[PDB]
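Architecture at a glance
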Amino acid sequence: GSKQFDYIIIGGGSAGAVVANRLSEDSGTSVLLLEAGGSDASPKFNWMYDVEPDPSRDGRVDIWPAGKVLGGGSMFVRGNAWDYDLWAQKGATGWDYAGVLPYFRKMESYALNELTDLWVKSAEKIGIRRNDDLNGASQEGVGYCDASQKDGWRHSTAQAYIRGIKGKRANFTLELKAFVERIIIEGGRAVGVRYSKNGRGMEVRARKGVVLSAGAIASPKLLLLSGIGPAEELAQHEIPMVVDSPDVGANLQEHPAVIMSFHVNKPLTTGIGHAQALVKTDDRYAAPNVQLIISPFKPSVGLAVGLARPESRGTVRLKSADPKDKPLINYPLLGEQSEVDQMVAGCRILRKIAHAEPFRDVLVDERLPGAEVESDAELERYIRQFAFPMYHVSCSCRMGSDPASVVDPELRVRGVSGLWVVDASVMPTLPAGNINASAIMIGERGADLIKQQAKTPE
Ligand SMILES: Cc1cc2nc3c(=O)[nH]c(=O)nc-3n(C[C@H](O)[C@H](O)[C@H](O)COP(=O)(O)OP(=O)(O)OC[C@H]3O[C@@H](n4cnc5c(N)ncnc54)[C@H](O)[C@@H]3O)c2cc1C
């Protein structure tokens, strides 16, 4: 621990790069950023986290990619106010829509066709209202993704936050290929970090504290390895318990989606195309529950049915006490029958749209699901077999006001001083969209919160 910094930030992804940039704005604040990856898929720049067999999909085992690269890789932020107001309703005081909107604006400050038209026209004919200003800060209805909306902003990538400081700020230091193994906690306070680099074990110290920005998979894992988590989990791996925190690694959420495809005469994995439709499958829903997307590039058109807000929940646990082991991840992509019902209902809407004029006037044949797949049970079969995750993993280190939450609304880990979690893991619920922008926004507001806490004693 010969080296001492004011703050140590674990993880240089979307949120962590923002925190590093913003906290080092103060000349007298030294900042160290530790990133397991390098600068500038494959194991070199992808974690390739294995997921346990999924009973909702006959034990199917998926591989979740996650950025292992400074900043990231693989824009516009149409804030859905229902999602952030839901956060505040679940205890994230100050993180309501009115609370995050200034930080989406700060992000904007920092940043300094015929087939799609045909699809949107067909949606309107079937009765899907066109999205416009009267909707407010919802994207309910059908609209074009590549457009500027009154409820949307512009933002930058995390690589823009790092480019402005790397080798330019004396109070900022960066260690790549640094695999953080444990947070060091002494006297109820996070005082440093142990990591390995180049085959050697290192330790470094923090004067003011540690910021855990490792993302929704690695952050809960790091908390567990540091003794912060459910007592049952910690004892099993004989990790001394520092904080009994019941929800570390709980509340894991991901977006499921499935592709429909049609040939015509005249990717979608992450869920952005030329046009989208946030629609309600029933009127019993308070917010649009299904997202329909079209990204039209023998020749075919690609459509997607995504579930805006998952009902299933997963877990992140340890495989062992060995820090280099990957986490144990459980997530039933379709664990609730209603999730399938909504996605089947989504598939039927996409059919109505394609069969309605004028898009029907360019239709040829349904290609991927199959025209013969018509019964609810036949569509459920197709969904269970071809559904996929959109890589929007979040919510594993829930912020809230209840004493069971992992962090309070100021992002402090309950039970420990000088320790924050600032990344997508703190989300109480997965928003319907703009995940990466939401994570950047969390870094923006989290940096302000940490700066505020530094003005006053803990
Ligand atoms: C392949 C892919 C494509 C995506 N596409 C989209 C898209 O089109 N649109 C969208 O809105 N969202 C997309 N997302 C989601 C978005 O990238 C994430 O929601 C967002 O990056 C989360 O930010 P984060 O800071 O929480 O975590 P991350 O961005 O994952 O940052 C965490 C960082 O911590 C590092 N780290 C982890 N463990 C350690 C450790 N032990 N020691 C040191 N460093 C460590 C990781 O290497 C990483 O750099 C995509 C995600 C993936 C994986």
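Residues numbered from 1 in each chain as written, not as in the entry; some residues may be left out. Heavy atoms only, no water.

Regarding how it was determined, this PDB entry cites X-ray crystallography in its header, along with a resolution of 2.1000 Å.

Let's talk about the overall build of the chain
In terms of regular secondary structure, the chain is built from 10 helices and 22 strands. Rg of the C-alpha trace for the chain: 23 Å, near the compact-globule value of 23 Å for 458 residues, within the 12% margin. Overall, the chain is about 70 × 45 × 40 Å in size when its C-alpha atoms are taken along their principal axes. Burial analysis of the chain (458 residues in total) assigns 57% to the buried set. For the chain, the computed accessible surface area is about 19100 Å², with 49% contributed by carbon and sulfur atoms. The positive charge centre, built from 53 side chains, and the negative charge centre, built from 56, are 7 Å apart in the chain. (Helix = DSSP H or I, 4+ residues; strand = E, 2+ residues; numbered from the N terminus. Rg over C-alpha atoms; globule rule 2.2 N^0.38 Å. Buried < 20%, exposed > 50% of the residue type's maximum accessible area, 1.4 Å probe, protein only. Areas by Shrake-Rupley, 256 points an atom, 1.4 Å probe, with all protein chains shown as cover. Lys, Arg positive; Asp, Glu negative; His and termini not counted. Charge placed at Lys NZ, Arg CZ, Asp CG, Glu CD.)

So, the site of the ligand
Around the ligand sit 29 residues, and of these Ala-15, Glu-35, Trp-47, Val-180 and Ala-424 come closest. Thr-270 places a polar side-chain atom, nitrogen or oxygen, 3.4 Å from an oxygen atom of the ligand. Put simply, the parts of the chain that give the shell around the ligand at least two residues each are α1 (14–23), β9 (179–186), α6 (215–225) and α10 (435–454). Examining the composition of the shell around the ligand, we find that three residues originate from one element, α10, more than from any other. Grouping the constituent residues of the shell around the ligand by class yields 16 nonpolar, 10 polar and three charged. (Near = heavy atom within 4 Å. Polar contact = N/O pair within 3.5 Å; in protein donor to acceptor, adjacent residues only side chain to side chain. Nonpolar A, V, L, I, M, F, W, Y, C, P; charged D, E, K, R; others polar.)

Quick word on the packing of helix α4 (residues 114–126) against helix α8 (residues 337–355)
For the pair α4 and α8, the least separation of the axes is 8 Å and the interaxial angle reads 110 degrees. On the basis of the axis angle, α4 is roughly perpendicular to α8. Counting all contacts with α4, which are made through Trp-119, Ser-122, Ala-123 and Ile-126, the residues of α8 involved are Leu-350, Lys-352 and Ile-353. Class assignment for the residues of the contact of α4 with α8 results in five nonpolar, one polar and one charged. (Axes fitted to C-alpha atoms, helices over the stretch in contact; angles between N-to-C directions. Parallel < 35°, antiparallel > 145°, perpendicular 65-115°, else oblique. Contact = heavy atoms within 4.5 Å.)

Re the pairing of strand β11 (residues 200–212)
By the bridge criterion, six bridges tie strand β1 (residues 4–10) to β11 in an arrangement that is parallel. Opposite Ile-10, over in β11, you have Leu-212 as the bridge partner. Relative to β11, strand β10 (residues 189–197) runs antiparallel, the two being bridged by six bridges. Among the inter-strand pairings, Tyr-195 is bridged to a residue of β11, identified as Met-202. Counting the residues between successive antiparallel strands, the hairpin from β10 to β11 contains two residues, one of them, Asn-198, with a positive phi of roughly 60 degrees. Two strands pair when backbone bridges link them, and β11 and strand β22 (residues 419–421) are joined in this way by three bridges, in the parallel orientation. (Pairing = 2+ DSSP bridges.)

Section: unusual backbone geometry
A cis amide bond, omega 0 degrees, links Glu-357 with the succeeding residue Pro-358. Mapped onto the elements, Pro-358 comes out in the loop between α8 and β20 (363–366). Within the chain, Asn-251 stands out as a residue other than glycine whose phi angle is a positive 70 degrees. Its location among the elements puts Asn-251 in the loop between β13 (243–244) and β14 (256–264).

Topic: α6
The buried fraction of α6 amounts to 11 of the 11 residues, a majority that puts the element mostly inside the structure. Of the residues making up α6, those classed as buried are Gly-215, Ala-216, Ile-217, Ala-218, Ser-219, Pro-220, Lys-221, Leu-222, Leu-223, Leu-224 and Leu-225. Count one or two residues on from α6 and you reach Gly-227, which has phi positive near 85 degrees.

Side note on the state of the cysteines
Here is the idea: a disulfide is a covalent bond, and it sits between the sulfur atoms of two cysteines. Counted by the stated rule, this structure contains zero disulfides. Here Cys-395 is not cross-linked by a disulfide; its sulfur's nearest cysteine counterpart is in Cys-397, at 10 Å. Classification of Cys-395 by relative accessible area gives buried; the value is 0%. (Disulfide = S-S within 2.5 Å.)

Some words on the side chain of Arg-445
Assignment of secondary structure puts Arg-445 in helix α10. Here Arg-445 sits buried without a salt bridge, and the closest side chain of opposite charge, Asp-448, lies 7.1 Å off (N-O distance). Beyond its immediate sequence surroundings of up to four residues, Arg-445 is in contact with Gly-94, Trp-95, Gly-99 and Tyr-103. (Salt bridge = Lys/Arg side-chain N within 4 Å of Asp/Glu carboxyl O.)

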